[PDB]
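Presented below is the structure to which this report refers.
Numbers and lists here come from the model and the stated rules, or from a named source; no laboratory instrument gave them. Here Cβ is always computed from backbone atoms with ideal geometry, including for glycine, and neighbour counts include all displayed protein chains.
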Amino acid sequence: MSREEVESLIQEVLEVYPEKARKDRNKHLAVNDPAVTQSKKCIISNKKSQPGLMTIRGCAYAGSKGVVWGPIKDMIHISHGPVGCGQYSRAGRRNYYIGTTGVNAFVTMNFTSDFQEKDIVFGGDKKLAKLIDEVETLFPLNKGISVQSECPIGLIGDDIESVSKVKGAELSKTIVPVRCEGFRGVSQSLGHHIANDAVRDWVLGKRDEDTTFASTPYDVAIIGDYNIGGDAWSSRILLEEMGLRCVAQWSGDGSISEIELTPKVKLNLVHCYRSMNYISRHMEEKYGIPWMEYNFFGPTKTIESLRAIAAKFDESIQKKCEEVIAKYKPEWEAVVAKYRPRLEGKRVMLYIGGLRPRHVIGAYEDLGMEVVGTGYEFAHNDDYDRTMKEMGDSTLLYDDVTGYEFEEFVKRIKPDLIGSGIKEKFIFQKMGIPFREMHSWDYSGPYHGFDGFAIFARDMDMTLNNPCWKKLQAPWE
Amino acid sequence: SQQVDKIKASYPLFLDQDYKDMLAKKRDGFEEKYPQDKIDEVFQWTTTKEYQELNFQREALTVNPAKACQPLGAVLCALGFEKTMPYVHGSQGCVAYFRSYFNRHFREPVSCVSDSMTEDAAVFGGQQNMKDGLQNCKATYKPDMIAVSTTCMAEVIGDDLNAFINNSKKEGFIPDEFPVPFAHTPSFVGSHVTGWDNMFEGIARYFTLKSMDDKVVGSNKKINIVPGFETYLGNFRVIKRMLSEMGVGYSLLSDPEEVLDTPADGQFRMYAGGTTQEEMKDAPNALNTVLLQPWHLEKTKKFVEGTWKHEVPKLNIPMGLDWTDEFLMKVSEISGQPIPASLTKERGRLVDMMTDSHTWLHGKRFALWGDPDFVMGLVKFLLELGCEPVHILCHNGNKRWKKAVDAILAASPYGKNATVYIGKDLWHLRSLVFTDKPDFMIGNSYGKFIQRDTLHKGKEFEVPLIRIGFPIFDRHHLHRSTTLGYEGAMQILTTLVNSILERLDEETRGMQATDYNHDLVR
Amino acid sequence: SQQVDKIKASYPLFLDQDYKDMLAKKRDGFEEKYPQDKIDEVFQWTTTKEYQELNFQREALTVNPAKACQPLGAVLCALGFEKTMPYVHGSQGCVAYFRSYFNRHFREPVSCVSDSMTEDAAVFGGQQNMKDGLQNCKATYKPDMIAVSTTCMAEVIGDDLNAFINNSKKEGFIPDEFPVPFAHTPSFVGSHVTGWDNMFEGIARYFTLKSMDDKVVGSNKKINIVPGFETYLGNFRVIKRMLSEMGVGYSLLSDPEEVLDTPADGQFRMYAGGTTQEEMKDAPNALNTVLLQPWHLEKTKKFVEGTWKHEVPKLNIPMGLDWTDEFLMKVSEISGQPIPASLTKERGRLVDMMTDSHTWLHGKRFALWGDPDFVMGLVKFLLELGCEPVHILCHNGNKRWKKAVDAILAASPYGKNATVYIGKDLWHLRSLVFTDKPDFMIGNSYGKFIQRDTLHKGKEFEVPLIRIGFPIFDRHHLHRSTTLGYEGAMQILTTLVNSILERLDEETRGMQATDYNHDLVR
Ligand code: ICS
Ligand code: CLF
Ligand SMILES: [Fe+3]
Ligand SMILES: [Fe+3]
């Protein structure tokens, strides 16, 4: 569509809101212009959601527990508060790991205090101490405990800092108290920030004086990759095939030892800027470790990222990077030859959280498809700044989009594919538009790396060209 | 490496040699993992009985619970009314979690909204959030009624839902005649079934407490049915079909099957079917009100008897032979309509399926968990099949329900080795199935981890999971099955016998070792 | 040794040490068994490509056939009429085998009778056997009519059924007005479906051929449905339900529905339901006749198009979306009744389930076998589900059906890797699944041996068996399922997707080895 038509569609969609809601939502919809380098002049981000408009955003408890701390496998994470949250967030995110669940790994488990009315009225400090004692009694092989605070804990002023400090000192254990109450902030981003602050204060500086770890000039840490079906492993195999040594993974398949060993690395490879930029900046300022953004979504982005990473080291690393690129070229070339004809010219609309709306555009372009509209759940203005460059002319940008807005935007655009979460999958499937879950990879994956590119292409081809989408109209209607 | 003609997903791609070598290198170099012998020792200890005593001595830690919070049930109850928008007063993360939960269980769109209450709203109150949210929801999604629930954050600070809604109506944010029923659903009290009960009671109060002057019992010659927290569309369908076959006028309140089974024909329907407002306004005029799941409909029962003057029958859930016949007989007595020949033929066919499968169903030891009414109905049905329940678990049960289940068990010789647990979680159940091993487990998708643990101990200690309950995430379209009535009994019996036969076939597939019992006819 | 608390059946009683030692002593002493390495070598050779070439070079030996003989289908067709006793002219062992087969498949009593022909009948004939059997059957079991079919013995010695029955009526053995339709069912021609066709042809001819002078097409404003050889009760139920819901008067000929699902009420009912003689006599007055399985109703089609003067439509079996749609449109066009909105909603629900499960269903390779029409419908549904059938087998199929299936496979991109086999048995299918391994097998209970062989080769070579078809002996109450129409499509889709997910869960249950993909949500 033309630029004058996207604005008309935006106005027609906004016409249904009341005055306050319309005025607020007019600031969150924009027509892309890659020339503009400041996203503040076109879109407004990181504000509170309008009440009663069916937002897709989550809470700070999600952004901390289910995002940052949860993937850590050797730790035990306590959902301090009522049951719901832990139950709703149990095993819903596919942060893959290797370990014996119930013995030394606890990712898919749900530990909760299960607050009652008497806990609200009288407190939860004694109950928390008893819970820590029972956790240590029944799960002796855990390497740490984290306390994720749910809303009531923040409201009633339960002092989990002192309980954590006392129990950790007396039991010689690392107990990290996290104030990730849902009502804090507007979305999962503040949960990311709180979890990063907890990591900085209670975990990161534990080995500040230990010098037993021998460091090589090829030490790297993957920052912000959470192994959604093995993406972290796929990236790690490429990084290790380059001659680089990965010491830490944050936090998919990550261990507390990797977090402790991170300050000894020579370079931080940040995948998700939105979630771990604060900890990357803290490490850069305190230990002098530089950090850089890398993207392993599609062959072009992967090759560019490998070359940029190899540019940070000596000639042997560059030679190994060239060897890896040459080795992996025929496979992704064959994948393109197989799947691009079936996917050429197709239009894609995306609505994901903080990073993936701009990171996956490269793969779609590698497969011959174009992105006609992308959007962020909770991303800040810097993410949109990076997003304007990657998106073409006259493409719609939306922040904190509502179900109504997304429904009519899709109705007016008629995209060939929609990539969003589980809360819009069936809405758009019943509309006759192929849908792909861009958070869990539709229980497939991994999609990062050369190995993940083939799975990505196969999944897009099977979802887009399925015979079921041509059968939604009865022959007699 | 990937071959384009045969692409591998995570399994079995990460079983390749390069990925295995990299995993081992990462582990040994940086994971600082405990030695494998220590891990095996700890697992074996966790499978023992001393660990069971330590686990059952728990007082403050809950591991893998089998329950949810009240607003989930409140939303499920609100979804059953015509053009009704479930509104949750509180934080948006709760609504997101509810929608994800119901999307995963039903594979259907689930409409729910929130006022997105923040820290300033937690300190100054949620009056402005309530006003703006009601106005915006009505303007945007245009529902005929908004049902308000609460999150724990609002309940702790004591939000006055009645005063907030009254002020919202008084300042013109909503029309004064627009129906906005509300209910208090504290998440630290009870569970999701309590939330369903609270929401239904609130809606019933809203449409019927101020207009009881012109109501007479039996005026409309109908029977009200309250289904409670139900996640099987087949139950609603079978109740309606049975009551239509008996020729009995019925008003099933809070019927959500239409909005949870919308067709895929090119358009998205936010609202479909549901109990109408006229049906609830005319509810007191019915001859009687029947509760399908009485053990979590206590407040509703109290309100109905106190206000509608309906003598609610003391009926169990229509699960199994005896209870389905009791339900049908009570309905026939209330309405005067005799039980027709079709239901008799269905009962005879079900008894003939029981007779056919009794040789394989007898003596089987079962561990089960779930909702109180559902668990007690399953236990009763297992008792009529000759099966032996061993571990009965209900995380949201109380002492009275436990006493009722104990009486049911003592009424039968197959309940001799059966113990009932209330307030326990699935870690306790794992300890139980490791110490006192049953043949099978009946529960929701959370028991697959218990099955994994039992398999890790050994093939002879494996306890297979039979998926009957809520929520089921790892299987598709199981929410379309039936649990209540004769049809549900046939479905459950077929599932159980086929699970037993599948396990037997798996155990006897070894050639020249165990295939002497790989019989063609079973 | 047996422990009273834990009494063991054959498995795992024979896995005990004493029984193991006894069996080892027997084998090493008096069996002259081949060495185990030789057995392993022979098995591995039988799993090879050269063994497949030798297996497909067969033209004189049949190993594990996938079909039965004509009198079985004749008996099944005769059981579908009101108070009709299936009479079999020949040997009693054939009747015993038929009753055992149908008792094992249906878990219900089956009534069939024989004249008990012996070598004396081979010397002379079966005239006296015919007369005595007819008289005894009429006296004892009081049938409304007797349908006569022949075994291979009666057809080899060339018995003349018409003359025998006319003589029996002439000499007072049976009343002259007693209806005794007959049909020739040679067991060396065709299969059970041919016997069903022949029996229905004989009954229709008996009731209509001589009384076509007062018949006018469309007088009764009804449509006739001939279901063919069917062993799924839900198929009859769904056809009746859809036709009644469309508002179409229908005359469903040869309904064995009620006699195969008799309720348990303390008494035995030999007869139940079935097509009435008035319906059979009034059939020529219908608007048209619809054959649900046209590929084994050729004789019936010839008769109804030549005698009844009905323009029978060229319809495929109503299996799957497209063919159910075409069947519904043809029924609507013949009857003039529009398609109801509820059927449209059911189709939309089927499409919704398809959209939900397409991700798991896509790319899966299936090897299937069974009757021609059922196999073709299954292939069509798999092609609409994004699955690739690879090994399509039909022992009782012909070249025209193979050409039609080839056209269907050419119509879809997912039929590129398919190959259709006719006149091949399950040993050929075993060779095929060893050579070109499919993900799953769809068929009757006879594929469990193939699954056992594949498991013996290795776990990663195992091809699980999905039990759809006839006969099913190792599972209970699968005969109550449905395969026709939208409801049967949903049931088949659910079975397929749940089998796939169960296999994935089985392959991901290993701790620290493959449990990274043991996802709670699928
Ligand atoms: S952490 Fe974030 S919503 Fe950066 S909360 Fe969310 S596993 Fe999304 S776009 Mo789900 S900021 Fe990760 C994300 Fe991106 S859970 Fe995953 S897919 S790259
Ligand atoms: S915004 Fe987030 S998810 Fe909401 S409560 Fe707060 S931390 Fe948790 Fe928890 S038990 Fe249920 S789901 Fe809530 S109502 Fe409370
Ligand atoms: Fe759906
Ligand atoms: Fe039976």
Options A:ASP451, A:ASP382, A:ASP399, A:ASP442; residue that is away from ligand 2 (no atom under 16 Å from the Cβ) and surrounded by fewer than 18 Cβ atoms within 10 Å (Cβ to Cβ): A:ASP382
Count of residues meeting criterion [more than 8 Å from chain A (Cβ to nearest Cβ) and either of a type in the set (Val, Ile, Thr) or not in a helix (DSSP H, G or I) (or both)] in region B:71-89: 11
Scope region A:151-197; condition over 25 Å from the mean Cα position of the chain (by Cα) and part of a loop (DSSP other than H, G, I, E, B); matching residues: A:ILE156, A:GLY157, A:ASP158, A:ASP159, A:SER172, A:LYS173, A:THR174
Sole exception among (1) surrounded by 23 or more Cβ atoms within 10 Å (Cβ to Cβ); (2) under 30 Å from B:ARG347 (Cα atoms) for B:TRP401, by number: (1)
Cβ-Cβ under 6 Å pairs, at least 6 apart or on other chains, region C:500-522 side at the interface with chain A (Cβ under 10 Å from one of its Cβ atoms), far side of a type in the set (D, E, K, R) and outside any loop (DSSP other than H, G, I, E, B): C:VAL521/B:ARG104
Top-ranked residue of region B:76-102 - restricted to ones that are farther than 22 Å from B:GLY158 by Cβ and within 11 Å of ligand 2 (Cβ to nearest atom), ranked as surrounded by the fewest Cβ atoms within 10 Å (Cβ to Cβ): B:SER100
A:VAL83, sole failed condition from (1) surrounded by fewer than 24 Cβ atoms within 10 Å (Cβ to Cβ); (2) facing another protein chain (nearest Cβ under 9 Å); (3) of a type outside the set (D, E, K, R): (1)
Output for region A:373-429, where each listed residue is within 16 Å of ligand 1 (Cβ to nearest atom), within 14 Å of chain B (Cβ to nearest Cβ) and within 21 Å of A:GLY63 (Cβ to Cβ): A:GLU377, A:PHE378, A:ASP400, A:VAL401, A:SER420, A:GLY421, A:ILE422, A:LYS423, A:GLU424
Qualifying position, being part of a strand (DSSP E or B), more than 30 Å from B:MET354 (Cβ to Cβ) and aliphatic (A, V, I, L, M), among C:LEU455, C:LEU393, C:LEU382: C:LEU393
C:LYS448 vs. criteria of a type in the set (D, E, K, R) and surrounded by fewer than 18 Cβ atoms within 10 Å (Cβ to Cβ): no
A:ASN110 vs. criteria buried (at least 22 other Cβ atoms within 10 Å of the Cβ), closer than 20 Å to A:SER257 by Cβ, in the same structural domain as A:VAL68 (by CATH) and away from ligand 3 (no atom under 16 Å from the Cβ): no
Complete set of residues in region B:478-499 that are closer than 20 Å to C:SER499 by Cβ and touching a residue at least 60 places away in the same chain (Cβ under 8 Å): B:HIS479, B:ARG480, B:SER481, B:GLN491, B:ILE492, B:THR494, B:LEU496, B:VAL497
A:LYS430 being over 16 Å from A:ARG94 (Cβ atoms) and within 16 Å of ligand 2 (Cβ to nearest atom): no
Those residues of region C:115-151 which are of a type in the set (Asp, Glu) and out of contact with any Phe, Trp or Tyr (no Cβ under 9 Å at 6 or more places or on another chain), in sequence order: C:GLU119, C:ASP120
Scope region A:128-150; condition more than 7 Å from chain B (Cβ to nearest Cβ) and outside any loop (DSSP other than H, G, I, E, B); matching residues: A:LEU128, A:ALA129, A:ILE132, A:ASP133, A:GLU136, A:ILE145, A:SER146, A:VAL147, A:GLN148, A:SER149
Among the candidates C:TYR516, C:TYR446, C:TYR486, residue that is farther than 21 Å from C:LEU378 by Cβ and part of a helix (DSSP H, G or I): C:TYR516
Residue satisfying all of: in region B:26-65; in a loop (DSSP other than H, G, I, E, B) and more than 8 Å from chain A (Cβ to nearest Cβ); surrounded by the fewest Cβ atoms within 10 Å (Cβ to Cβ) among these: B:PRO35
Residue in region A:430-438 that is closer than 16 Å to A:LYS346 by Cα, facing another protein chain (nearest Cβ under 10 Å) and either out of contact with any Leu (no Cβ under 9 Å at 6 or more places or on another chain) or assigned to a strand (DSSP E or B) (or both) present: yes
Whichever residue in region A:101-127 is in contact (Cβ under 8 Å) with a residue 24 or more places away in the chain and more than 8 Å from every other protein chain (Cβ to nearest Cβ) and, among such residues, is nearest to B:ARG27 (Cα to Cα): A:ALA105
Members of region C:245-271 that are aliphatic (A, V, I, L, M) and either within 16 Å of ligand 3 (Cβ to nearest atom) or within 10 Å of chain B (Cβ to nearest Cβ) (or both): C:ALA264
First in region C:256-272 and within 14 Å of C:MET85 (Cβ to Cβ) and charged (D, E, K, R), second anywhere and within 14 Å of ligand 4 (Cβ to nearest atom) and part of a loop (DSSP other than H, G, I, E, B), Cβ under 7 Å, 6 or more apart: C:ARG269/C:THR262
B:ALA68 in contact (Cβ under 8 Å) with a residue 40 or more places away in the chain, in a loop (DSSP other than H, G, I, E, B) and within 7 Å of chain A (Cβ to nearest Cβ): yes
Matching residues in region C:302-333 - criterion: being more than 21 Å from C:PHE374 (Cβ to Cβ) and assigned by CATH to the domain that holds C:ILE223: C:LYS302, C:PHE303, C:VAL304, C:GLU305, C:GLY306, C:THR307, C:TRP308, C:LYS309, C:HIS310, C:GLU311
Subset of region B:286-302 (residues that are of a type outside the set (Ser, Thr, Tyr) and crowded, with 19+ Cβ neighbours inside 10 Å): B:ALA286, B:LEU287, B:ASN288, B:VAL290, B:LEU291, B:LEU292, B:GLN293, B:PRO294, B:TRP295, B:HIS296, B:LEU297
Options A:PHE426, A:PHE406, A:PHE378: the member that is touching an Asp or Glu at 6+ places or on another chain (Cβ under 6 Å) and either away from ligand 4 (no atom under 16 Å from the Cβ) or over 26 Å from A:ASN465 (Cα atoms) (or both): A:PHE426
Any hit, region B:250-263, residues being touching a strand residue (DSSP E or B) at 6+ places or on another chain (Cβ under 6 Å) and among the polar types (S, T, N, Q): yes
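For every residue, the table says whether it meets (1) in contact with a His (Cβ under 9 Å, 6 or more places away or on another chain); (2) surrounded by 22 or more Cβ atoms within 10 Å (Cβ to Cβ).
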{"site": "C:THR118", "(1), (2)": "no, no"}
{"site": "C:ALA122", "(1), (2)": "no, no"}
{"site": "C:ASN129", "(1), (2)": "yes, yes"}
{"site": "C:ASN136", "(1), (2)": "no, no"}
{"site": "C:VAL148", "(1), (2)": "yes, yes"}
{"site": "C:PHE173", "(1), (2)": "no, no"}
{"site": "C:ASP176", "(1), (2)": "no, no"}
{"site": "C:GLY195", "(1), (2)": "no, yes"}
Number of the exception - C:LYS416 against (1) of a type in the set (D, E, K, R); (2) surrounded by fewer than 20 Cβ atoms within 10 Å (Cβ to Cβ); (3) within 12 Å of another protein chain (Cβ to nearest Cβ): (3)
